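**Q** structure for this input, please:
(one chain, ligands or ions: 1)
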Amino acid sequence: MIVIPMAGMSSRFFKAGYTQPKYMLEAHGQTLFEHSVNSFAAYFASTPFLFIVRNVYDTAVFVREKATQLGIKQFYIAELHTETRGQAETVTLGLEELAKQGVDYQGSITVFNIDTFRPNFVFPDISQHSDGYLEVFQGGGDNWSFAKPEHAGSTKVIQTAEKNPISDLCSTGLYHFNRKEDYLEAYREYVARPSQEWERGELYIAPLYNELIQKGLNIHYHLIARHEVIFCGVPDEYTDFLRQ
Ligand SMILES: [Mg+2]
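**A** Numbers count the residues shown, from 1 in each chain. Shown next is the protein structure:
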């Protein structure tokens, strides 16, 4: 199941002068929402999608209309009524809402964000031989979530960090978990950490893998090329995408 947490707020875009939430902005004939979800076009007929939105800007209606139009055959919308502390909480609340709708899903979940485009995405082979994996690229700077490799020739991940550059393998924002239950258990452990371990209040997805790795689960990374991912999460990137 492809899960897209999109309950956040477009604050940088608001300041930049846009009055619509970022995912409704248009570029080259379609909304950023469409550009991002189309990454998974190969799975529209076979895989369920869970869109987790907020009760603002009539987003639930927008998503339902766009998803139907894209031809996504099975999708669910979880509408949240309060802001969350971050994507990890959004995902957890969305999965809880899905269950409240009567849907009993126990399979894998692939978390992705609406700020990223991954044209022609196809699941890598490692997704069939691991408990979870983080898609990564060779990135510049320190403002990414990082995955630390065990050693050359192995795609095993021994640690992840959201702001600490423990490696040069940066997350593309695609986080896969073979079992929904493992995601929820890692989340539960993460929010229950003794207070001394908290460095911030935001709840991001990447750190959750440390809970799984500690429990001995088999977590890997999958390296993609820089040209296979397009980021459109800040105003300047949207402007750049508009020129492309
Ligand atoms: Mg712990």
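
**Q** can you pull the contacts of the nearest residue to residue 208 once chain neighbours are set aside?
**A** Leaving aside its sequence neighbours, residue 208 sits nearest to residue 186 (C-beta to C-beta, 6 or more residues apart in numbering; 4.3 Å). In this view, the C-beta of every residue, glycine as well, is placed from N, C-alpha and C. Counting by C-beta atoms under 8 Å, 6 or more residues apart in numbering, residue 186 touches 208, 209, 211, 212.

**Q** in helices, which of those appear?
**A** Counted as lying in helices by DSSP state H, out of the contacts of residue 186, are 208, 209, 211, 212.

**Q** of those, closest to residue 159?
**A** Proximity of the ones in helices among the contacts of residue 186 to residue 159 (C-beta to C-beta) peaks at residue 209, which lies at 8.3 Å.

**Q** what sits against that closest one?
**A** Applying C-beta under 8 Å, 6+ apart, we find residue 209 in contact with 132, 134, 147, 157, 160, 175, 186, 219.

**Q** any chance of the residues you listed in a markdown table, plus distance to residue 226?
**A** Listed next are those as a markdown table, based on distance: C-beta to C-beta, whole Å:
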| residue | distance to residue 226 |
| --- | --- |
| 132 | 23 |
| 134 | 16 |
| 147 | 16 |
| 157 | 20 |
| 160 | 20 |
| 175 | 19 |
| 186 | 29 |
| 219 | 23 |
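
**Q** spatially, which two of those are the most separated?
**A** Largest pairwise distance in the contacts of residue 209, by C-beta to C-beta, is 14.8 Å, between 147 and 186.

**Q** tell me what the biggest strand by length in the chain is packed against?
**A** Ranked by number of residues, the top strand in the chain under DSSP state E is strand 169-177. Packing partners of strand 169-177 (3 or more C-beta pairs under 8 Å, 6 or more residues apart in numbering; DSSP states H and E): strand 109-111, strand 116-117, strand 132-138, strand 146-149, helix 208-214.
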